[PDB]
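First comes the structure, then the notes that go with it.
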Amino acid sequence: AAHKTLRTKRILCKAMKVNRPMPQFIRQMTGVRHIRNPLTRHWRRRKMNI
Amino acid sequence: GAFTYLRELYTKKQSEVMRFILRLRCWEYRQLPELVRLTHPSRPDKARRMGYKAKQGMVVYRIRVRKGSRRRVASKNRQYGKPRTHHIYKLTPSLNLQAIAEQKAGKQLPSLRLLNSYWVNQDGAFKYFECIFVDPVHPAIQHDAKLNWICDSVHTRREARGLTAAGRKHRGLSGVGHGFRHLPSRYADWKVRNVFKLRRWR
Amino acid sequence: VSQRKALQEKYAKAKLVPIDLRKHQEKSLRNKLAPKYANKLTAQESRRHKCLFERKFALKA
Amino acid sequence: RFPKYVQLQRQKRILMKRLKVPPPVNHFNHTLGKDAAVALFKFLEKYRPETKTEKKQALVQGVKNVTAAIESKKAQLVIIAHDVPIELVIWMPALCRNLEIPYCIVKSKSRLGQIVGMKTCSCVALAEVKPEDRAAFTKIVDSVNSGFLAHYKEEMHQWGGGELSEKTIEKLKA
Amino acid sequence: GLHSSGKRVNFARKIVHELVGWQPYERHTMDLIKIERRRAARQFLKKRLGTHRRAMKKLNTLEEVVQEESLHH
Amino acid sequence: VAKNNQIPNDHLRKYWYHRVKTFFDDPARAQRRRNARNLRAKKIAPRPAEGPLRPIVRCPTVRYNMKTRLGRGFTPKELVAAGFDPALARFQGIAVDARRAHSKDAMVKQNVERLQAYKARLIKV
RNA sequence: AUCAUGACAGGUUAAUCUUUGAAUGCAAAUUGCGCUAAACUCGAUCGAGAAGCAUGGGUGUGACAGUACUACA
RNA sequence: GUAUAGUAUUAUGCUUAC
RNA sequence: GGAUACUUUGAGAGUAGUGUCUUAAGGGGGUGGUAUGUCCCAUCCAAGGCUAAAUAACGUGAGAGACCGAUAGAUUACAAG
RNA sequence: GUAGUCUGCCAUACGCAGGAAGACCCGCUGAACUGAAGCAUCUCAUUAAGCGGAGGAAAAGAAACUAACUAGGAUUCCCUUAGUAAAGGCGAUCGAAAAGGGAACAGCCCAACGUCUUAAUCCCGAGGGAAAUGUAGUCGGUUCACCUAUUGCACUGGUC
């Protein structure tokens with residue numbers, strides 16, 4: 001960046017909208033506990049390698 | 001009849017009439033490419049022995065195989081391991097040159113079933129072979145009780161798996177008797193002998 | 001489905017239909033030839049099958 | 001310039017002239033002349049085989065069927081197309097020499113096509129002939145025997161061999 | 001009866017043989033029989049044709065061909 | 001090698017342990033065979049399931065001249081003597097073998113009488 | 001949504017079937033660069049979309065090339 | 001493959017193979 | 001088929017295959033486990049093609065157990081390739 | 001000049017090929033660790049990996065086969081023959097077949113050659129095309145015996 005391609009930009013979009021906390025209502029629905037979002041990361045710690 | 005005489009002419013290839021005719025043909029074949037189509041087969045009598053019948057769907061193709069044996073494949077002619085297996089040049093292929101002729105023509109022409117091949121000519125450099133092919137989807141071969149066995153999907157590329165007449169020679173399937181007892185398949189027979197069997201009562 | 005039932009009636013009962021209106025099937029089953037052609041008899045074979053068919057028989061008690 | 005296949009056609013024609021040809025293959029080169037060859041076709045023309053739909057509801061017209069007539073000794077005379085694989089008709093002459101059948105060796109395979117009603121033919125022969133004609137036929141059988149009398153004296157130890165160019169001949173006489 | 005008794009095939013073997021003629025090794029063998037070296041000639045055929053019984057058949061053929069030329073010459 | 005045992009002869013130097021063949025199929029194999037020949041005999045009906053009929057035949061070598069077993073099929077000579085049509089007799093439920101022609105006069109008289117007992121009480125639907 | 005004009009996390013079959021991939025209009029670390037008789041559909045004769053267009057080989061059909069063979073001029 | 005001189009083989013021409 | 005070279009076999013003066021050169025006969029040819037010629041006897045007729053069943057199954061999909069019982073059992077009993 | 005053919009190349013109409021999977025199957029290619037208490041022939045092994053190609057099974061298959069008899073009779077597999085005949089720095093090791101018992105059992109047809117059949121054949125759907133450089137058909141003739149209809153593939157859910 002800048003000067004990213006479009007299909008590069010498509011991946012970086014999907015990588016940041018997927019990065020969030022898990023919703024509250026799944027724990028209320030299924031009753032499971034201790035499920036983490038796997039595709040959470042931090043930009044500084046883990047690099048994507050894409 | 002007529003094809004008595006074509007047979008008995010072609011027995012005596014090494015003679016001044018026949019050796020003249022073969023050189024003129026072999027001149028023409030050197031100028032043309034390797035795999036090339038014919039309209040009709042150069043040897044009509046020998047074609048019908050091997051299964052050619054002149055109707056729509058049956059196709060004929062000349063092909064050129066290089067004479068001599070095939071050398072081993074090595075990087076910079078290096079050989080390793082135990083010195084019994086150090087040769088390069090005194091190798092021979094286990095396939096016949098007829099088989100290598102058909103197996104080149106198979107790779108170029110899929111969608112097309114090899115019935116059989118036969119010899120046409122040779123010189124110092126190359127042999128020449130004239131492979132019969134079939135388009136099995138064509139109605140004339142899709143019909144007809146004698147030929148339509150080819151249309152079944154078991155016979156897709158026989159030349160790869162060695163089920164031609166030339167194919168059956170290298171496999172040693174051309175004989176019956178004491179010598180040929182070991183080779184269903186050379187391999188299939190070997191496996192039966194070598195499988196270790198543990199019967200349930202012992 | 002109002003289109004297709006109408007539009008199939010136009011091309012039904014006619015040679016070489018469109019690709020949409022052909023039935024689905026498998027690859028293997030299309031290219032396998034119809035069992036009449038596989039099973040059809042040679043003029044030698046049919047004429048002997050006049051006499052040498054797989055006839056019924058039985059034994060006495 | 002010349003797209004290879006054109007270059008092969010011409011080289012193949014010249015290479016047949018330049019080589020020492022064998023005598024049997026060579027015998028094929030000799031042919032009936034256009035005086036006599038026109039007359040011969042009329043007999044054939046009269047006896048032309050029937051086409052389909054000209055069927056309601058004469059002539060032997062192929063290599064396999066003509067050999068049946070020759071080996072039976074039914075054939076009055078044979079006709080052979082001058083050019084064809086040469087292997088198929090080389091021995092037509094050796095048979096008809098042996099069994100004392102007279103034979104033409106007529107130019108063009110294609111015109112033997114046209115008269116029969118196919119693209120090619122390479123072989124024609126007449127078995128029965130007709131009571132109505134016959135007389136016309138004798139003149140033609142005499143013309144073939146008297147006409148080819150010139151050739152088969154020569155041909156048996158003849159080699160139609162090296163023609164040897166124009167520019168090669170100039171270099172020799174240096 | 002059910003035997004072949006080959007007239008028609010063997011008639012075709014004659015006129016092709018008259019037309020084509022002899023093959024290189026048969027001409028070389030016929031030259032050795034003209035010189036009266038019959039024993040060297042059978043050694044030549046045994047290398048070419050391979051076996052003994054093949055070779056001695058071809059001599060008994062080729063001796064009859066040379067003795068036909070004795071009546072002609 | 002130790003003690004008084006016989007020389008160690010075990011043909012186990014190849015990797016036999018990759019090419020193992022255990023026969024736990026055998027009693028399930030028995031049923032796959034058995035359910036086939038019942039699904040035969042219903043389809044073959046009304047024809048007899050133990051057939052087709054086969055000849056009595058002497059075994060070859062010196063140490064089985066005594067014994068007599070079932071062959072492959074009757075000769076075209078033995079059928080015509082008994083009163084049968086060689087080609088059609090395949091479909092009457094009699095196995096036929098064109099090749100065998102070393103059977104001498106004694107074993108022909110058995111196999112003619114064998115076919116006559118069949119042809120006596122064969123009947124047609 | 002209830003004795004049915006039939007609830008839905010049921011099970012098939014048939015539609016619809018994004019960008020790709022053998023990937024096939026030509027390419028590709030590019031949302032790059034094309035082409036088309038009618039019909040189709042909006043668009044007001046003429047634009048657009050929709051849908052087409054790959055290579056190889058088979059049979060048929062047509063066209064071109066040749067001082068290749070031949071007859072009649 | 002081929003044409004010609006000489007002792008089946010040596011010599012130097014031919015081109016259409018190559 | 002023969003000579004020779006290589007690979008291959010229990011096949012041994014070659015079991016099979018292949019390269020190179022050479023190359024038959026057809027009132028005849030192959031085989032009969034020691035090379036070679038030779039005389040008998042026996043048994044088959046190569047160099048083209050099709051063909052169910054019995055048989056195989058460390059892949060994939062969908063009842064049984066003297067097996068393991070969360071450091072075991074599959075790498076994975078769970079948002080595990 | 002035109003009218004046939006032969007050969008080549010281009011364009012087009014209609015169905016076909018490719019890729020996945022690869023335990024089993026078919027055809028090639030091809031190791032070494034290891035054992036021989038070293039090591040080079042030999043062994044591991046005509047194995048692993050590599051290349052090419054099939055099917056629900058594949059491949060094989062209707063005698064140029066065994067045998068030496070009181071004779072068997074396509075192919076495949078199981079038991080035995082046999083750790084034998086044989087092979088082998090005759091060391092290490094390696095190693096079959098006929099017969100016998102059993103599972104299963106089914107035979108067929110091109111070529112040419114009948115020195116005959118006026119292509120009698122096939123594809124396309126009124127007629128075009130392929131084919132005589134060869135498609136199709138029982139060798140011909142007398143005379144008694146006899147056979148006459150079935151055979152493959154396909155087969156569905158629910159209630160108590």
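In the structure tokens, chains take letters A, B, ... by order of appearance, with residues numbered from 1 within each chain and ligands from 1 in the order shown.
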(request) Would you return as a VMD selection string the members of chain E that DSSP assigns to alpha helix (DSSP H) on this structure's backbone? (result) chain E and resid 8 to 20 24 to 34 38 to 49 52 to 72
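Proximity to residue 64 of chain F at 10 Å, evaluated using only C-alpha atoms (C1' of nucleotides) and with sequence-adjacent residues fewer than 5 positions away removed, yields residues 58 and 59 of chain F; 69, 70, 71, 99 and 100 of chain J.
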Which of segment 13-161 of chain D fall in strand (DSSP E), as a PDB file with N, CA and C atoms, in the first residue's frame:
```pdb
ATOM      1  N   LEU D  77     -11.143 -59.805 -72.768  1.00  0.00           N
ATOM      2  CA  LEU D  77      -9.963 -58.968 -72.534  1.00  0.00           C
ATOM      3  C   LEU D  77     -10.072 -58.135 -71.262  1.00  0.00           C
ATOM      4  N   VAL D  78      -8.908 -57.787 -70.714  1.00  0.00           N
ATOM      5  CA  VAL D  78      -8.789 -56.996 -69.490  1.00  0.00           C
ATOM      6  C   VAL D  78      -8.391 -55.564 -69.847  1.00  0.00           C
ATOM      7  N   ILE D  79      -8.781 -54.618 -68.996  1.00  0.00           N
ATOM      8  CA  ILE D  79      -8.286 -53.240 -69.044  1.00  0.00           C
ATOM      9  C   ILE D  79      -7.743 -52.864 -67.666  1.00  0.00           C
ATOM     10  N   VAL D 124     -10.945 -53.380 -65.262  1.00  0.00           N
ATOM     11  CA  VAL D 124     -12.189 -53.771 -65.938  1.00  0.00           C
ATOM     12  C   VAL D 124     -11.940 -55.012 -66.802  1.00  0.00           C
ATOM     13  N   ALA D 125     -12.967 -55.846 -66.968  1.00  0.00           N
ATOM     14  CA  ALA D 125     -12.901 -56.998 -67.878  1.00  0.00           C
ATOM     15  C   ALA D 125     -14.282 -57.439 -68.360  1.00  0.00           C
ATOM     16  N   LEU D 126     -14.311 -58.046 -69.547  1.00  0.00           N
ATOM     17  CA  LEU D 126     -15.548 -58.433 -70.227  1.00  0.00           C
ATOM     18  C   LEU D 126     -15.605 -59.952 -70.363  1.00  0.00           C
TER      19      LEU D 126
END
```
(message) Need to verify the contact set: segment 33-45 of chain C, 10 Å, only C-alpha atoms (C1' of nucleotides), exclusion of same-chain residues closer than 5 positions in sequence. Can you return it as a ChimeraX atom specification?
(response) /B:136-137,142-146,148-149,151-153 /C:28,50,52 /J:108-109,137-138,152-153
Would you export the selected residues with C-alpha atoms (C1' of nucleotides) as a PDB file, in the first residue's frame, please?
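The resulting file, selection-v8.pdb, is reproduced below:
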```pdb
ATOM      1  CA  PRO B 136     -16.349 -45.185 -31.653  1.00  0.00           C
ATOM      2  CA  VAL B 137     -19.054 -42.476 -31.378  1.00  0.00           C
ATOM      3  CA  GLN B 142     -21.937 -47.654 -33.067  1.00  0.00           C
ATOM      4  CA  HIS B 143     -24.113 -50.006 -35.151  1.00  0.00           C
ATOM      5  CA  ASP B 144     -22.772 -53.347 -36.581  1.00  0.00           C
ATOM      6  CA  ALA B 145     -22.479 -56.362 -34.246  1.00  0.00           C
ATOM      7  CA  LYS B 146     -18.944 -57.362 -35.321  1.00  0.00           C
ATOM      8  CA  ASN B 148     -19.130 -52.321 -31.799  1.00  0.00           C
ATOM      9  CA  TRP B 149     -17.262 -54.023 -28.918  1.00  0.00           C
ATOM     10  CA  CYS B 151     -17.507 -48.622 -28.193  1.00  0.00           C
ATOM     11  CA  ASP B 152     -17.500 -50.064 -24.639  1.00  0.00           C
ATOM     12  CA  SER B 153     -15.517 -47.997 -22.110  1.00  0.00           C
TER      13      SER B 153
ATOM     14  CA  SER C  28     -20.782 -42.507 -18.067  1.00  0.00           C
ATOM     15  CA  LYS C  50     -33.881 -69.774 -34.712  1.00  0.00           C
ATOM     16  CA  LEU C  52     -30.419 -73.014 -30.810  1.00  0.00           C
TER      17      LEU C  52
ATOM     18  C1'   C J 108     -17.755 -67.556 -30.622  1.00  0.00           C
ATOM     19  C1'   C J 109     -15.694 -64.741 -35.978  1.00  0.00           C
ATOM     20  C1'   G J 137     -23.631 -63.530 -47.412  1.00  0.00           C
ATOM     21  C1'   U J 138     -24.163 -70.199 -44.981  1.00  0.00           C
ATOM     22  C1'   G J 152     -30.940 -60.818 -20.681  1.00  0.00           C
ATOM     23  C1'   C J 153     -31.615 -55.932 -18.053  1.00  0.00           C
TER      24        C J 153
END
```
(request) Please report as number ranges by chain which residues of chain A come no farther than 12 Å from chain I, using only C-alpha atoms (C1' of nucleotides). (result) A: 22, 26, 30, 32-39
(request) Using only C-alpha atoms (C1' of nucleotides), find which residues of chain I lie within 6 Å of chain B and jot them down as number ranges by chain. (result) I: 6, 15, 17-19, 48
Put those residues in a file: C-alpha atoms (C1' of nucleotides), as a PDB file, in the first residue's frame.
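Produced file again_7.pdb, reproduced below:
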```
ATOM      1  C1'   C I   6      21.580 -56.270 -22.853  1.00  0.00           C
ATOM      2  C1'   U I  15      12.610 -69.270 -19.229  1.00  0.00           C
ATOM      3  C1'   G I  17      11.397 -59.878 -23.447  1.00  0.00           C
ATOM      4  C1'   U I  18      13.928 -56.088 -26.359  1.00  0.00           C
ATOM      5  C1'   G I  19      17.928 -53.646 -29.728  1.00  0.00           C
ATOM      6  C1'   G I  48      -5.611 -61.258 -36.203  1.00  0.00           C
TER       7        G I  48
END
```
(request) Please provide as a ChimeraX atom specification all residues within 10 Å of residue 159 of chain D, with the sequence filter that same-chain residues fewer than 5 positions apart are discarded (counting only C-alpha atoms (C1' of nucleotides)). (result) /D:19-27,154
Create the file for the chosen residues now, containing N, CA and C atoms and written as a short mmCIF file (atom, residue, chain, number, x, y, z; two decimals), in the first residue's frame.
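Now in out30.cif:
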```
data_model
loop_
_atom_site.label_atom_id
_atom_site.label_comp_id
_atom_site.auth_asym_id
_atom_site.auth_seq_id
_atom_site.Cartn_x
_atom_site.Cartn_y
_atom_site.Cartn_z
N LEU D 19 15.95 -42.35 -61.67
CA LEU D 19 16.38 -43.67 -61.16
C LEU D 19 16.31 -44.74 -62.24
N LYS D 20 17.15 -45.77 -62.11
CA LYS D 20 17.00 -47.01 -62.88
C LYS D 20 15.75 -47.77 -62.43
N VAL D 21 14.66 -47.62 -63.17
CA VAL D 21 13.40 -48.29 -62.83
C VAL D 21 13.42 -49.78 -63.12
N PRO D 22 12.69 -50.58 -62.24
CA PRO D 22 12.72 -52.01 -62.56
C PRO D 22 11.89 -52.27 -63.79
N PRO D 23 12.20 -53.39 -64.55
CA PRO D 23 11.36 -53.57 -65.74
C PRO D 23 9.88 -53.83 -65.49
N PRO D 24 9.53 -54.66 -64.43
CA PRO D 24 8.07 -54.87 -64.29
C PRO D 24 7.28 -53.60 -64.00
N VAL D 25 7.78 -52.73 -63.13
CA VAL D 25 7.10 -51.48 -62.82
C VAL D 25 7.05 -50.61 -64.06
N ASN D 26 8.12 -50.66 -64.83
CA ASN D 26 8.28 -49.90 -66.06
C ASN D 26 7.25 -50.25 -67.13
N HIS D 27 6.89 -51.52 -67.21
CA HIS D 27 5.95 -51.99 -68.22
C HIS D 27 4.65 -51.23 -68.12
N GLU D 154 10.09 -55.61 -76.55
CA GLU D 154 11.06 -54.73 -75.88
C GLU D 154 11.08 -54.94 -74.36
#
```
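Between atom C1' of residue 24 of chain I and atom CA of residue 34 of chain E there is a distance of 23.5 Å.
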(message) Just want the 10 Å neighbourhood of residue 30 of chain B, counted on only C-alpha atoms (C1' of nucleotides), with same-chain residues fewer than 5 positions away dropped. Output as a list in words.
(response) residues 25, 64, 123, 125 and 126 of chain B
Include N, CA, C and O atoms and write out the residues we just selected as an mmCIF file, in the first residue's frame.
```cif
data_model
loop_
_atom_site.group_PDB
_atom_site.id
_atom_site.type_symbol
_atom_site.label_atom_id
_atom_site.label_comp_id
_atom_site.auth_asym_id
_atom_site.auth_seq_id
_atom_site.Cartn_x
_atom_site.Cartn_y
_atom_site.Cartn_z
ATOM 1 N N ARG B 25 8.652 -44.742 -51.691
ATOM 2 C CA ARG B 25 7.744 -44.455 -50.581
ATOM 3 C C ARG B 25 8.505 -43.886 -49.389
ATOM 4 O O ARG B 25 8.087 -42.882 -48.808
ATOM 5 N N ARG B 64 6.307 -42.598 -37.372
ATOM 6 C CA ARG B 64 7.733 -42.831 -37.545
ATOM 7 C C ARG B 64 8.393 -43.007 -36.176
ATOM 8 O O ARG B 64 8.352 -42.098 -35.344
ATOM 9 N N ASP B 123 14.289 -47.578 -43.004
ATOM 10 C CA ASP B 123 15.610 -47.206 -43.519
ATOM 11 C C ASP B 123 16.652 -47.380 -42.395
ATOM 12 O O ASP B 123 16.419 -48.155 -41.465
ATOM 13 N N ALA B 125 17.653 -44.861 -40.268
ATOM 14 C CA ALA B 125 17.271 -44.035 -39.123
ATOM 15 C C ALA B 125 15.987 -44.531 -38.461
ATOM 16 O O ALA B 125 15.956 -44.712 -37.243
ATOM 17 N N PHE B 126 14.939 -44.744 -39.259
ATOM 18 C CA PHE B 126 13.566 -44.897 -38.753
ATOM 19 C C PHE B 126 12.906 -46.164 -39.281
ATOM 20 O O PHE B 126 13.139 -46.555 -40.424
#
```
Using only C-alpha atoms, find each residue of chain E with at least one atom at most 10 Å away from an atom of chain D; report its shortest atom-to-atom pair and that distance in Å (one decimal), sort the rows by chain and rising residue number, and return the result as CSV.
```
residue,atom,partner,partner_atom,distance
E:8,CA,D:71,CA,8.9
E:11,CA,D:95,CA,9.9
E:12,CA,D:95,CA,8.9
E:15,CA,D:94,CA,6.3
E:16,CA,D:91,CA,7.1
E:18,CA,D:94,CA,8.3
E:19,CA,D:94,CA,6.8
E:20,CA,D:24,CA,8.0
```
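Around residue 15 of chain H, within 9 Å and counting only C-alpha atoms (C1' of nucleotides), the residues found are residues 18, 164 and 168 of chain D, once anything fewer than 5 positions away on its own chain is removed.
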(message) Counting only C-alpha atoms (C1' of nucleotides), a student should be able to say which residues of chain E come within 12 Å of chain H; what is the right answer, written as a PyMOL selection string?
(response) chain E and resi 28+31-32
Residues from last step as file, C-alpha atoms, as a tab-separated table (two decimals), in the first residue's frame:
```
chain	number	residue	atom	x	y	z
E	28	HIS	CA	25.23	-65.18	-54.15
E	31	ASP	CA	27.20	-68.23	-57.97
E	32	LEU	CA	28.89	-70.60	-55.48
```
(message) My list of candidates is C:15, C:10, C:30, C:56. Which is closest to residue 91 of chain F when distances are computed with only C-alpha atoms?
(response) C:56
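From atom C1' of residue 72 of chain J back to atom CA of residue 69 of chain F, the distance works out to 10.6 Å.
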